[PDB]
Amino acid sequence: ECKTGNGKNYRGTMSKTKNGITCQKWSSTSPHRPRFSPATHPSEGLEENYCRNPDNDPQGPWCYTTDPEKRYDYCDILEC
Ligand SMILES: NCCCCCC(=O)O
């Protein structure tokens with residue numbers, strides 16, 4: 001939805017990257033094994049396949065992708 005700062009606290013439901021590719025579920029290990037996930041990062045709200053900023057990357061909320069050749073990509077939430 002709307003994001004503030006780096007979207008650290010973003011809890012919106014975008015599920016596709018800025019490029020229109022659908023995100024992979026954090027709880028999943030295919031096509032990509034996540035290094036960030038609910039088991040390991042309990043407080044980051046890594047729900048489903050939603051865009052999240054677990055590492056606070058300055059480019060914003062991102063997600064693992066369903067493209068075996070694109071491990072992760074940033075999504076476009078609008079600035080609150
Ligand atoms: N800064 C976003 C990308 C982090 C890489 C993702 C990972 O391999 O856990």
# chains A, B, ... in the order shown; residues from 1 in each chain; ligands from 1
>>> closest_atom_pairs(of="chain A", to="ligand 1", cutoff="10 Å", atoms="only C-alpha atoms and all ligand atoms", output="tab-separated table")
residue	atom	partner	partner_atom_place_in_ligand_line	distance
A:32	CA	ligand 1	8 (O)	8.6
A:33	CA	ligand 1	8 (O)	7.8
A:34	CA	ligand 1	9 (O)	5.3
A:35	CA	ligand 1	9 (O)	3.6
A:36	CA	ligand 1	9 (O)	4.8
A:37	CA	ligand 1	9 (O)	8.3
A:52	CA	ligand 1	2 (C)	9.4
A:53	CA	ligand 1	2 (C)	7.5
A:54	CA	ligand 1	2 (C)	8.1
A:55	CA	ligand 1	1 (N)	6.1
A:56	CA	ligand 1	1 (N)	7.4
A:57	CA	ligand 1	1 (N)	4.8
A:58	CA	ligand 1	1 (N)	8.0
A:59	CA	ligand 1	1 (N)	7.7
A:60	CA	ligand 1	1 (N)	8.2
A:61	CA	ligand 1	2 (C)	8.1
A:62	CA	ligand 1	2 (C)	6.4
A:63	CA	ligand 1	2 (C)	7.8
A:64	CA	ligand 1	6 (C)	7.2
A:71	CA	ligand 1	8 (O)	7.4
A:72	CA	ligand 1	3 (C)	6.2
A:73	CA	ligand 1	2 (C)	7.5
A:74	CA	ligand 1	2 (C)	7.7
>>> residues_around(residues="residue 78 in chain A", least_positions_apart="5", cutoff="10 Å", atoms="only C-alpha atoms", output="list in words")
residues 1, 2, 3, 4 and 7 of chain A
>>> atom_distance(atom1="CA of residue 24 in chain A", atom2="CA of residue 49 in chain A")
5.1 Å
